[PDB]
$ cat target.txt   # compact mmCIF, C-alpha atoms and all ligand atoms
# COMPACT_ATOMS: atom_id res chain seq x y z
CA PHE V 1 -25.43 -27.21 44.73
CA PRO V 2 -29.09 -27.90 45.54
CA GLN V 3 -31.83 -26.96 43.08
CA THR V 4 -34.44 -27.44 45.85
CA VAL V 5 -34.09 -26.58 49.54
CA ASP V 6 -36.66 -27.03 52.31
CA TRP V 7 -35.22 -26.49 55.78
CA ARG V 8 -38.43 -27.83 57.39
CA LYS V 9 -37.43 -31.32 56.27
CA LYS V 10 -34.11 -31.02 58.14
CA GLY V 11 -35.84 -30.04 61.40
CA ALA V 12 -34.62 -26.42 61.40
CA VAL V 13 -38.01 -24.61 61.46
CA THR V 14 -40.53 -24.25 64.32
CA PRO V 15 -44.29 -24.43 63.68
CA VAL V 16 -46.03 -21.43 62.17
CA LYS V 17 -46.81 -18.71 64.74
CA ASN V 18 -49.38 -15.90 64.75
CA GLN V 19 -48.38 -12.29 65.42
CA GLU V 20 -52.03 -11.22 65.90
CA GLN V 21 -52.68 -7.48 65.80
CA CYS V 22 -49.23 -6.32 66.80
CA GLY V 23 -46.71 -4.88 64.33
CA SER V 24 -44.10 -7.46 65.33
CA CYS V 25 -43.30 -9.13 62.00
CA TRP V 26 -39.67 -8.12 62.54
CA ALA V 27 -39.58 -10.13 65.79
CA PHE V 28 -41.03 -13.30 64.22
CA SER V 29 -38.62 -13.01 61.29
CA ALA V 30 -35.67 -12.59 63.68
CA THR V 31 -36.64 -15.51 65.92
CA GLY V 32 -37.23 -17.66 62.85
CA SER V 33 -33.73 -17.17 61.50
CA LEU V 34 -32.05 -17.52 64.91
CA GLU V 35 -34.11 -20.67 65.60
CA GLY V 36 -32.59 -22.04 62.41
CA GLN V 37 -29.02 -21.08 63.33
CA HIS V 38 -29.32 -22.39 66.88
CA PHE V 39 -30.64 -25.74 65.60
CA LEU V 40 -28.05 -26.10 62.85
CA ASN V 41 -25.21 -25.51 65.34
CA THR V 42 -26.56 -27.55 68.29
CA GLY V 43 -29.02 -30.10 66.92
CA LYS V 44 -31.73 -28.72 69.26
CA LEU V 45 -34.74 -26.86 67.86
CA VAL V 46 -35.70 -24.30 70.51
CA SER V 47 -38.60 -21.91 69.93
CA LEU V 48 -37.60 -18.34 70.86
CA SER V 49 -39.50 -15.42 72.39
CA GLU V 50 -40.84 -12.71 70.08
CA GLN V 51 -42.27 -10.97 73.16
CA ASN V 52 -38.74 -10.64 74.58
CA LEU V 53 -37.84 -8.65 71.45
CA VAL V 54 -41.07 -6.61 71.42
CA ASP V 55 -40.74 -5.60 75.09
CA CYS V 56 -36.98 -5.14 75.46
CA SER V 57 -35.23 -4.03 72.26
CA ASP V 58 -36.38 -0.38 72.02
CA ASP V 59 -32.86 0.91 72.71
CA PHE V 60 -31.68 -0.82 69.52
CA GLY V 61 -34.12 1.08 67.31
CA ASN V 62 -37.27 -1.06 67.58
CA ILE V 63 -40.67 0.26 68.65
CA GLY V 64 -42.46 -2.83 69.88
CA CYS V 65 -45.83 -3.40 68.26
CA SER V 66 -45.33 -0.23 66.20
CA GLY V 67 -42.56 -1.87 64.16
CA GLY V 68 -38.90 -2.69 64.02
CA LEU V 69 -36.12 -4.38 62.06
CA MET V 70 -34.56 -7.83 62.12
CA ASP V 71 -30.99 -6.49 62.29
CA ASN V 72 -31.97 -4.32 65.28
CA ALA V 73 -33.20 -7.51 66.96
CA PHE V 74 -29.94 -9.37 66.24
CA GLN V 75 -27.97 -6.47 67.76
CA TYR V 76 -30.14 -6.44 70.88
CA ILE V 77 -29.69 -10.20 71.30
CA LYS V 78 -25.90 -9.81 71.04
CA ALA V 79 -25.74 -6.94 73.55
CA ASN V 80 -28.19 -8.69 75.89
CA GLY V 81 -26.34 -12.00 75.99
CA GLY V 82 -29.24 -13.91 74.53
CA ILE V 83 -32.99 -14.27 73.98
CA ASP V 84 -35.46 -16.15 76.17
CA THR V 85 -37.36 -19.25 75.07
CA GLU V 86 -40.89 -18.93 73.73
CA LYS V 87 -42.04 -21.21 76.55
CA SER V 88 -40.63 -19.00 79.32
CA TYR V 89 -41.59 -15.64 77.76
CA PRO V 90 -44.70 -16.31 75.69
CA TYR V 91 -46.38 -14.01 73.20
CA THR V 92 -49.15 -11.58 74.15
CA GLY V 93 -49.49 -9.51 70.99
CA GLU V 94 -49.24 -6.22 72.91
CA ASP V 95 -46.48 -3.92 74.14
CA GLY V 96 -45.26 -4.85 77.61
CA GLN V 97 -42.58 -4.08 80.14
CA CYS V 98 -39.33 -5.98 79.66
CA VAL V 99 -39.19 -9.07 81.89
CA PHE V 100 -36.15 -10.70 80.30
CA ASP V 101 -34.69 -13.47 82.48
CA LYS V 102 -31.06 -14.55 82.07
CA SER V 103 -31.84 -18.05 83.38
CA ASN V 104 -34.34 -18.78 80.56
CA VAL V 105 -32.10 -17.95 77.58
CA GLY V 106 -32.72 -20.30 74.66
CA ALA V 107 -30.25 -18.95 72.09
CA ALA V 108 -27.72 -16.18 71.50
CA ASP V 109 -26.09 -14.45 68.57
CA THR V 110 -22.87 -12.52 68.03
CA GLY V 111 -23.88 -10.21 65.18
CA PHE V 112 -25.46 -10.50 61.76
CA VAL V 113 -24.77 -10.57 58.02
CA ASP V 114 -26.65 -8.57 55.39
CA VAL V 115 -27.09 -10.28 52.02
CA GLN V 116 -26.16 -8.13 49.00
CA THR V 117 -29.11 -5.86 48.23
CA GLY V 118 -31.26 -7.09 45.35
CA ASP V 119 -29.15 -10.19 44.59
CA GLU V 120 -31.34 -13.27 44.39
CA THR V 121 -28.39 -15.49 43.52
CA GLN V 122 -26.70 -14.45 46.77
CA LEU V 123 -29.94 -15.02 48.70
CA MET V 124 -30.18 -18.50 47.14
CA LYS V 125 -26.61 -19.29 48.23
CA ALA V 126 -27.40 -18.07 51.76
CA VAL V 127 -30.57 -20.17 52.03
CA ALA V 128 -28.64 -23.24 50.86
CA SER V 129 -25.42 -22.79 52.84
CA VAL V 130 -26.51 -20.89 56.01
CA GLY V 131 -30.11 -21.80 56.81
CA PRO V 132 -33.43 -19.94 56.93
CA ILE V 133 -32.87 -16.25 56.09
CA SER V 134 -34.75 -13.22 57.44
CA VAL V 135 -36.24 -11.27 54.52
CA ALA V 136 -38.31 -8.11 54.03
CA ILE V 137 -41.11 -8.03 51.45
CA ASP V 138 -43.87 -5.86 50.04
CA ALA V 139 -46.92 -7.70 51.42
CA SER V 140 -49.25 -4.71 50.95
CA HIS V 141 -51.34 -6.14 48.11
CA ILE V 142 -54.67 -7.87 48.59
CA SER V 143 -53.39 -10.72 46.41
CA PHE V 144 -50.96 -11.54 49.26
CA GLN V 145 -53.75 -11.59 51.84
CA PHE V 146 -55.74 -13.99 49.62
CA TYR V 147 -52.84 -16.25 48.58
CA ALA V 148 -53.85 -19.93 48.50
CA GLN V 149 -51.39 -22.07 46.54
CA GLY V 150 -49.05 -22.09 43.58
CA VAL V 151 -46.40 -19.46 42.95
CA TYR V 152 -47.40 -15.96 44.05
CA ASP V 153 -46.69 -13.58 41.15
CA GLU V 154 -47.70 -9.96 41.78
CA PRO V 155 -46.49 -7.58 39.04
CA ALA V 156 -47.66 -4.61 41.14
CA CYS V 157 -45.17 -5.48 43.88
CA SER V 158 -42.47 -3.02 44.90
CA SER V 159 -38.85 -3.99 45.47
CA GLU V 160 -38.18 -0.68 47.26
CA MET V 161 -41.15 -0.15 49.60
CA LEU V 162 -41.13 -3.12 51.98
CA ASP V 163 -43.52 -3.49 54.91
CA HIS V 164 -43.40 -7.10 56.17
CA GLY V 165 -40.59 -9.24 57.58
CA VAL V 166 -40.84 -13.00 56.96
CA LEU V 167 -38.50 -16.01 56.69
CA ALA V 168 -37.04 -17.69 53.60
CA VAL V 169 -36.80 -21.40 54.45
CA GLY V 170 -36.15 -22.82 51.00
CA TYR V 171 -36.58 -22.55 47.25
CA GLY V 172 -37.34 -24.63 44.19
CA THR V 173 -39.23 -24.64 40.91
CA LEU V 174 -42.97 -25.27 40.38
CA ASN V 175 -44.85 -25.36 37.05
CA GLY V 176 -41.68 -24.04 35.43
CA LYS V 177 -41.55 -21.01 37.76
CA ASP V 178 -38.74 -20.54 40.25
CA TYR V 179 -40.03 -19.88 43.78
CA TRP V 180 -38.95 -18.96 47.30
CA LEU V 181 -40.44 -20.99 50.14
CA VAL V 182 -41.51 -18.37 52.72
CA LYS V 183 -42.77 -18.84 56.30
CA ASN V 184 -45.25 -16.16 57.40
CA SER V 185 -46.43 -15.19 60.92
CA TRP V 186 -50.17 -15.09 60.24
CA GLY V 187 -51.02 -18.50 61.68
CA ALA V 188 -51.38 -21.83 59.93
CA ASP V 189 -54.82 -21.10 58.44
CA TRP V 190 -53.34 -18.48 56.08
CA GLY V 191 -51.83 -19.44 52.74
CA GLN V 192 -50.46 -22.99 52.45
CA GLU V 193 -50.48 -24.02 56.12
CA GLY V 194 -48.90 -20.66 56.94
CA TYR V 195 -46.43 -20.65 54.01
CA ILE V 196 -46.28 -18.94 50.62
CA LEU V 197 -44.30 -19.74 47.47
CA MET V 198 -43.11 -16.36 46.16
CA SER V 199 -41.70 -15.65 42.71
CA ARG V 200 -37.94 -16.15 42.37
CA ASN V 201 -35.75 -14.78 39.57
CA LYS V 202 -38.44 -12.32 38.52
CA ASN V 203 -36.32 -9.19 39.12
CA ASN V 204 -36.41 -9.34 42.93
CA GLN V 205 -40.20 -9.38 43.05
CA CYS V 206 -41.69 -7.81 46.20
CA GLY V 207 -38.13 -7.00 47.27
CA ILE V 208 -37.47 -10.38 48.87
CA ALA V 209 -33.71 -10.03 48.29
CA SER V 210 -33.55 -6.31 49.16
CA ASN V 211 -33.11 -6.53 52.97
CA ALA V 212 -32.19 -10.16 53.66
CA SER V 213 -30.01 -10.99 56.66
CA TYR V 214 -29.18 -13.67 59.20
CA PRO V 215 -27.70 -13.80 62.70
CA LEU V 216 -24.18 -14.98 63.40
CA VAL V 217 -23.65 -17.59 66.13
CA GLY V 218 -20.36 -18.31 67.89
CA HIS V 219 -17.13 -17.18 66.25
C1 LIG V 301 -32.93 -2.40 52.23
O1 LIG V 301 -33.67 -2.33 51.03
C2 LIG V 301 -33.85 -1.01 50.57
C3 LIG V 301 -34.91 -1.04 49.48
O2 LIG V 301 -34.40 -1.67 48.33
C4 LIG V 301 -32.49 -0.49 50.14
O3 LIG V 301 -32.59 0.86 49.75
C5 LIG V 301 -32.15 0.96 48.39
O4 LIG V 301 -30.77 0.73 48.31
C6 LIG V 301 -30.26 0.81 46.99
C7 LIG V 301 -28.82 0.36 47.07
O5 LIG V 301 -28.30 0.18 45.77
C8 LIG V 301 -30.45 2.23 46.45
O6 LIG V 301 -30.13 2.32 45.09
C9 LIG V 301 -31.91 2.68 46.57
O7 LIG V 301 -32.05 4.06 46.36
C10 LIG V 301 -32.48 2.39 47.96
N1 LIG V 301 -33.91 2.57 47.98
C11 LIG V 301 -34.58 3.30 48.89
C12 LIG V 301 -36.08 3.33 48.71
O8 LIG V 301 -34.03 3.91 49.79
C13 LIG V 301 -31.53 -0.53 51.33
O9 LIG V 301 -30.22 -0.19 50.96
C14 LIG V 301 -31.50 -1.92 51.96
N2 LIG V 301 -30.75 -1.90 53.19
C15 LIG V 301 -29.79 -2.79 53.48
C16 LIG V 301 -29.11 -2.60 54.82
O10 LIG V 301 -29.48 -3.70 52.73
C1 LIG V 302 -44.40 -5.88 60.03
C2 LIG V 302 -45.73 -6.58 60.37
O1 LIG V 302 -46.00 -6.67 61.61
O2 LIG V 302 -46.44 -7.00 59.46
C3 LIG V 302 -44.29 -4.55 60.77
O3 LIG V 302 -45.29 -3.67 60.32
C4 LIG V 302 -42.88 -3.96 60.69
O4 LIG V 302 -42.23 -3.77 61.70
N1 LIG V 302 -42.40 -3.66 59.47
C5 LIG V 302 -41.06 -3.13 59.35
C6 LIG V 302 -40.45 -3.61 58.05
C7 LIG V 302 -40.44 -5.13 57.95
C8 LIG V 302 -39.61 -5.75 59.07
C9 LIG V 302 -39.87 -5.50 56.59
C10 LIG V 302 -41.06 -1.61 59.43
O5 LIG V 302 -41.70 -0.94 58.62
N2 LIG V 302 -40.33 -1.10 60.43
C11 LIG V 302 -40.18 0.31 60.71
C12 LIG V 302 -39.39 0.62 61.97
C13 LIG V 302 -37.87 0.60 61.82
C14 LIG V 302 -37.18 1.38 62.94
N3 LIG V 302 -37.30 2.81 62.77
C15 LIG V 302 -36.72 3.73 63.54
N4 LIG V 302 -36.93 5.02 63.27
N5 LIG V 302 -35.96 3.43 64.58
$ encode --input "target.txt" --output "structure tokens"
Amino acid sequence: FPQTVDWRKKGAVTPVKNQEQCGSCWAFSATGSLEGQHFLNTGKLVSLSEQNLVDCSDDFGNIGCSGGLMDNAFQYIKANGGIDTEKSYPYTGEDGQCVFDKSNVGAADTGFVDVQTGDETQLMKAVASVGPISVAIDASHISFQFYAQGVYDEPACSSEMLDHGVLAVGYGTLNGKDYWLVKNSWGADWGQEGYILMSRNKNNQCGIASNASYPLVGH
């Protein structure tokens, strides 16, 4: 069982994207995890459309640029028969009318799995054995905005009040501190080329294992 995982090195992670000034973190987290599952089951890394989710998934509980949930997105994708490619349905950063096109579908899912709430050992097993995992975190603190390098360690973080969906693409240990390797949606100039190493095995810090999930593909 791996002590260190980095799904970028296996080709399962698209480049870092930028959600701009739209409350669409849930869409970027959902496309990130489904991008991983589609690659790991086909060998093709296909970038998927956050705008498709923002514009079209209101009937599954999402509210576009006003917020949403990754599991709501996975349910919409299942009911819809798929999600368009990023290339065919690119990102505007604003609410739009749904222009989903069946002929431009890049991936599909058949449901989703929620990781046991609060259980970082189960999240570790999912990252290792499934792929990149959608996760919800408390990113409300200025220390998160200003993160540069090393292992983020914010004792003021909440594990109950979560505001930001991101993607767990690996884990490891650095300077004796266990970490989660997390892809953000704030562009590549933020953090470490768009990534952050968050504290692991520090009592579910920032709630990273509180609302973790991934899409199911196939049977
Ligand atoms: C998503 O995470 C939230 C926040 O941790 C979970 O809500 C907590 O669930 C635990 C379950 O043991 C309860 O003890 C807490 O009272 C809940 N907290 C709040 C603030 O409501 C929630 O269950 C998670 N949802 C899913 C689907 O896993
Ligand atoms: C995240 C971001 O853009 O930074 C964005 O604010 C967001 O959507 N946050 C989510 C939680 C994250 C995905 C962890 C959020 O707060 N969603 C609320 C809407 C959930 C759906 N509600 C109803 N009533 N249907």
$ residues_near_ligand --input "target.txt" --ligand "ligand LIG 301 (chain V)" --cutoff "9 Å" --atoms "all atoms listed in the file" --output "CSV table (one decimal) with C-alpha atoms, keeping the file's coordinate frame"
chain,number,residue,atom,x,y,z
V,71,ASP,CA,-31.0,-6.5,62.3
V,114,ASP,CA,-26.6,-8.6,55.4
V,115,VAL,CA,-27.1,-10.3,52.0
V,116,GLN,CA,-26.2,-8.1,49.0
V,117,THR,CA,-29.1,-5.9,48.2
V,118,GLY,CA,-31.3,-7.1,45.4
V,136,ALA,CA,-38.3,-8.1,54.0
V,158,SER,CA,-42.5,-3.0,44.9
V,159,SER,CA,-38.8,-4.0,45.5
V,160,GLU,CA,-38.2,-0.7,47.3
V,161,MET,CA,-41.2,-0.2,49.6
V,162,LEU,CA,-41.1,-3.1,52.0
V,207,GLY,CA,-38.1,-7.0,47.3
V,209,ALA,CA,-33.7,-10.0,48.3
V,210,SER,CA,-33.6,-6.3,49.2
V,211,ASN,CA,-33.1,-6.5,53.0
V,212,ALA,CA,-32.2,-10.2,53.7
V,213,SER,CA,-30.0,-11.0,56.7
$ closest_atom_pairs --input "target.txt" --of "chain V" --to "ligand LIG 302 (chain V)" --cutoff "10 Å" --atoms "all atoms listed in the file" --output "tab-separated table"
residue	atom	partner	partner_atom	distance
V:19	CA	V:LIG302	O1	7.2
V:20	CA	V:LIG302	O1	8.7
V:21	CA	V:LIG302	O1	7.9
V:22	CA	V:LIG302	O1	6.1
V:23	CA	V:LIG302	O1	3.3
V:24	CA	V:LIG302	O1	4.3
V:25	CA	V:LIG302	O1	3.7
V:26	CA	V:LIG302	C8	4.2
V:27	CA	V:LIG302	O4	8.0
V:28	CA	V:LIG302	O1	8.7
V:29	CA	V:LIG302	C8	7.7
V:30	CA	V:LIG302	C8	9.1
V:58	CA	V:LIG302	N5	8.4
V:59	CA	V:LIG302	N5	9.1
V:60	CA	V:LIG302	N5	7.8
V:61	CA	V:LIG302	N5	4.0
V:62	CA	V:LIG302	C14	5.2
V:63	CA	V:LIG302	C14	6.8
V:64	CA	V:LIG302	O4	8.2
V:65	CA	V:LIG302	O1	7.4
V:66	CA	V:LIG302	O4	6.5
V:67	CA	V:LIG302	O4	3.1
V:68	CA	V:LIG302	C12	3.9
V:69	CA	V:LIG302	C8	4.8
V:70	CA	V:LIG302	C8	6.3
V:71	CA	V:LIG302	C8	9.2
V:72	CA	V:LIG302	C14	8.1
V:134	CA	V:LIG302	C8	9.1
V:135	CA	V:LIG302	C9	7.1
V:136	CA	V:LIG302	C9	4.0
V:137	CA	V:LIG302	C9	5.9
V:138	CA	V:LIG302	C9	7.7
V:139	CA	V:LIG302	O2	8.1
V:140	CA	V:LIG302	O2	9.2
V:161	CA	V:LIG302	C9	8.9
V:162	CA	V:LIG302	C9	5.3
V:163	CA	V:LIG302	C6	4.4
V:164	CA	V:LIG302	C9	3.9
V:165	CA	V:LIG302	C8	3.9
V:166	CA	V:LIG302	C9	7.6
V:184	CA	V:LIG302	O2	9.5
V:185	CA	V:LIG302	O2	8.3
V:186	CA	V:LIG302	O2	8.9
V:207	CA	V:LIG302	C9	9.6
V:208	CA	V:LIG302	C9	9.4
V:210	CA	V:LIG302	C9	9.8
V:211	CA	V:LIG302	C9	7.7
V:212	CA	V:LIG302	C9	9.4
$ residues_near_point --input "target.txt" --point "(-26.8, -21.7, 62.9)" --cutoff "10 Å" --atoms "only C-alpha atoms" --output "JSON, numbers by chain"
{"V": [12, 33, 34, 35, 36, 37, 38, 39, 40, 41, 42, 43, 109, 130, 131, 132, 214, 215, 216, 217, 218]}
$ closest_residue --input "target.txt" --among "V:143, V:51, V:121, V:201" --to "residue V:97" --atoms "all atoms listed in the file"
V:51
$ closest_residue --input "target.txt" --among "V:192, V:14, V:199, V:205" --to "residue V:178" --atoms "all atoms listed in the file"
V:199
$ residues_around --input "target.txt" --residues "residue V:177" --least-positions-apart "5" --cutoff "10 Å" --atoms "only C-alpha atoms" --output "ChimeraX atom specification"
/V:150-153,172,198-202
$ residues_around --input "target.txt" --residues "residue V:90" --least-positions-apart "3" --cutoff "7 Å" --atoms "all atoms listed in the file" --output "JSON, numbers by chain"
{"V": [49, 51, 86, 87]}
$ closest_residue --input "target.txt" --among "V:44, V:141, V:219, V:183" --to "residue V:15" --atoms "all atoms listed in the file"
V:183
$ closest_residue --input "target.txt" --among "V:167, V:123, V:99, V:56" --to "residue V:204" --atoms "only C-alpha atoms"
V:123
$ closest_residue --input "target.txt" --among "V:120, V:77, V:113, V:193" --to "residue V:180" --atoms "all atoms listed in the file"
V:120
$ atom_distance --input "target.txt" --atom1 "atom CA of residue V:16" --atom2 "atom CA of residue V:79"
27.4 Å
$ atom_distance --input "target.txt" --atom1 "atom CA of residue V:57" --atom2 "atom CA of residue V:98"
8.7 Å
$ atom_distance --input "target.txt" --atom1 "atom CA of residue V:81" --atom2 "atom CA of residue V:125"
28.7 Å
$ closest_residue --input "target.txt" --among "V:54, V:2, V:76, V:107" --to "residue V:95" --atoms "only C-alpha atoms"
V:54
$ residues_around --input "target.txt" --residues "residue V:78" --least-positions-apart "3" --cutoff "9 Å" --atoms "only C-alpha atoms" --output "list in words"
residues 73, 74, 75, 81, 82, 83, 108, 109, 110 and 111 of chain V
$ decode --input "target.txt" --residues "stretch 100-178 of chain V" --atoms "C-alpha atoms" --output "compact mmCIF listing (two decimals), in the first residue's frame"
# COMPACT_ATOMS: atom_id res chain seq x y z
CA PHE V 100 -25.58 20.93 -23.67
CA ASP V 101 -24.86 18.96 -26.86
CA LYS V 102 -25.16 15.16 -26.90
CA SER V 103 -22.64 14.89 -29.74
CA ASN V 104 -19.83 16.54 -27.71
CA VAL V 105 -19.97 14.29 -24.62
CA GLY V 106 -16.52 13.63 -23.20
CA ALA V 107 -17.36 11.41 -20.22
CA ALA V 108 -20.27 9.92 -18.29
CA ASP V 109 -20.93 8.55 -14.83
CA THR V 110 -23.45 6.14 -13.33
CA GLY V 111 -23.64 7.44 -9.76
CA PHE V 112 -21.26 8.29 -6.95
CA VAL V 113 -19.76 7.06 -3.68
CA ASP V 114 -19.48 9.10 -0.48
CA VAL V 115 -16.40 8.41 1.65
CA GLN V 116 -17.11 7.82 5.35
CA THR V 117 -17.50 11.22 7.02
CA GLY V 118 -14.40 12.37 8.89
CA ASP V 119 -12.33 9.24 8.14
CA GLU V 120 -8.93 10.19 6.77
CA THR V 121 -7.84 6.56 6.57
CA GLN V 122 -10.78 5.84 4.27
CA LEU V 123 -10.00 8.94 2.19
CA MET V 124 -6.39 7.74 1.89
CA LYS V 125 -7.57 4.33 0.68
CA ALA V 126 -9.87 6.00 -1.86
CA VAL V 127 -7.12 8.27 -3.20
CA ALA V 128 -4.81 5.26 -3.59
CA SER V 129 -7.28 2.73 -5.00
CA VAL V 130 -9.85 4.86 -6.90
CA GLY V 131 -8.14 8.01 -8.16
CA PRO V 132 -8.47 11.74 -7.49
CA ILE V 133 -11.28 12.36 -4.98
CA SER V 134 -13.64 15.34 -4.77
CA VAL V 135 -13.35 16.94 -1.33
CA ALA V 136 -14.91 19.87 0.54
CA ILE V 137 -12.75 22.11 2.76
CA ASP V 138 -12.84 25.19 4.94
CA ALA V 139 -10.85 27.60 2.74
CA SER V 140 -12.20 30.71 4.51
CA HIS V 141 -8.97 31.74 6.25
CA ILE V 142 -6.55 34.32 4.88
CA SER V 143 -3.73 31.82 5.47
CA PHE V 144 -5.26 29.72 2.67
CA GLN V 145 -5.36 32.68 0.28
CA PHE V 146 -1.68 33.37 1.02
CA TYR V 147 -0.44 29.75 0.94
CA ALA V 148 2.94 29.42 -0.78
CA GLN V 149 4.65 26.12 0.00
CA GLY V 150 5.15 23.49 2.67
CA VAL V 151 2.32 21.83 4.57
CA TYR V 152 -0.64 24.12 5.24
CA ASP V 153 -1.50 23.84 8.95
CA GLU V 154 -4.35 26.11 10.10
CA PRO V 155 -5.48 25.38 13.68
CA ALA V 156 -8.40 27.80 13.21
CA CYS V 157 -9.87 25.60 10.48
CA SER V 158 -13.32 24.09 10.85
CA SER V 159 -14.15 20.48 10.01
CA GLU V 160 -17.88 21.26 10.05
CA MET V 161 -18.28 24.55 8.14
CA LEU V 162 -16.97 23.88 4.63
CA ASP V 163 -17.11 26.41 1.80
CA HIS V 164 -14.82 25.25 -1.02
CA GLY V 165 -14.76 22.13 -3.19
CA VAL V 166 -11.35 20.99 -4.45
CA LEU V 167 -9.66 17.75 -5.57
CA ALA V 168 -7.43 15.36 -3.61
CA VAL V 169 -4.91 14.00 -6.13
CA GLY V 170 -2.43 12.39 -3.76
CA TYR V 171 -0.78 12.32 -0.35
CA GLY V 172 2.58 11.85 1.31
CA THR V 173 4.79 13.11 4.12
CA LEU V 174 6.92 16.28 4.16
CA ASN V 175 9.21 17.50 6.97
CA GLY V 176 7.71 14.76 9.13
CA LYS V 177 4.14 16.03 8.54
CA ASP V 178 1.58 13.95 6.67
